[PDB]
Amino acid sequence: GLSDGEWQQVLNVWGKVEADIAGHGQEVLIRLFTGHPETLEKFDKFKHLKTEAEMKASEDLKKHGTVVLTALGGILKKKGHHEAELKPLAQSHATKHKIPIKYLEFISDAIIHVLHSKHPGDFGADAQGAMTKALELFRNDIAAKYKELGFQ
Ligand code: HEM
C-alpha cells in the first residue's frame, strides 16, 4: 500500500535504472553473490564464478541482470496491481528455482545499496523510503504465494 506521491518517487528512481539497465542489473547480482555466497549456489550457470573479477567479466551475468530488472520494472510500473505479473515469478522461484524468501530480502537490500553506490547524494530520504515500501510490497506478495504452496 503506497500513496500516489510514493509511487511517483519509485518511478522517478527507476528512471536511473532505465538509463543503464545492464549496469544496475550486474551490480545488484554481484552485491547479492558477494554478500551472500550461498545465493550463487542457486544458479547452476553462475557457480563457476569463483571471483568478483570473473563476476564483473561475465557477459551472461550482465544478461541475467537485465532479465531480472526488466521483470521488476514491469511489476513496479503496475503500482501494486501486479497479480498477473507476480504470480508466475512467485511460482517459478518457489517450485523450480527453490529460492527462500530470505534471498528476496537480500536482493531487495542489494538494490538499495546499488542505488546509493551509483547515485551518491542523489537518492534522497523520501526516495529510499518509497523504493523500500515498493520492494516490501513485492516481497510480501511473493511471500503470500509461497505460503499458498507451503514453500520454505
Ligand atoms: C527482484 C527479484 C527478482 C526478480 C524480478 C527475478 C526475476 C527472474 C526472471 C524474470 C527469471 C527468468 C524467468 C523465470 O525463471 O521465472 C529468473 C530466473 C532465475 N532466478 Fe530470479 N528474480 C529475482 C530474484 C532472485 C533471487 C534472489 C535468486 C537467487 C538467489 C533468483 C534465482 C533465479 C534462478 C536460479 C533463475 C534461473 C537462472 C537460469 O538458469 O537461467 N532470483 N528470475
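Residues numbered from 1 in each chain as written, not as in the entry; some residues may be left out. Heavy atoms only, no water.

The PDB entry lists the chain under the name Myoglobin, with Equus caballus given as the organism. Its official PDB title, as written in the record, is "MYOGLOBIN (HORSE HEART) WILD-TYPE COMPLEXED WITH CO". The heading Subunit in the UniProt record of the chain holds the text "Monomeric." One UniProt comment on the chain, placed under Sequence similarities, says "Belongs to the globin family." (UniProt positions renumbered as here; feature names shortened; annotations may be inferred.)

Student: How should I be thinking about the site of the ligand in this particular structure?
Tutor: The environment of the ligand is made up of 18 residues, and the closest members are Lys42, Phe43, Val68, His93 and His97. Contact between the ligand and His93: a nitrogen atom at 3.0 Å from a side-chain N or O atom of the residue. Contact distances for the ligand include 2.8 Å between an oxygen atom and a side-chain N or O atom of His97. Residue assignment for the shell around the ligand shows that the elements contributing at least two residues are α4 (59-76), α5 (83-96) and α6 (101-118). Here the shell around the ligand gets five residues from one element, more than from any other, and that element is α4. Split by residue class, the shell around the ligand holds eleven nonpolar, five polar and two charged. (Near = heavy atom within 4 Å. Polar contact = N/O pair within 3.5 Å; in protein donor to acceptor, adjacent residues only side chain to side chain. Helix = DSSP H or I, 4+ residues; strand = E, 2+ residues; numbered from the N terminus. Nonpolar A, V, L, I, M, F, W, Y, C, P; charged D, E, K, R; others polar.)

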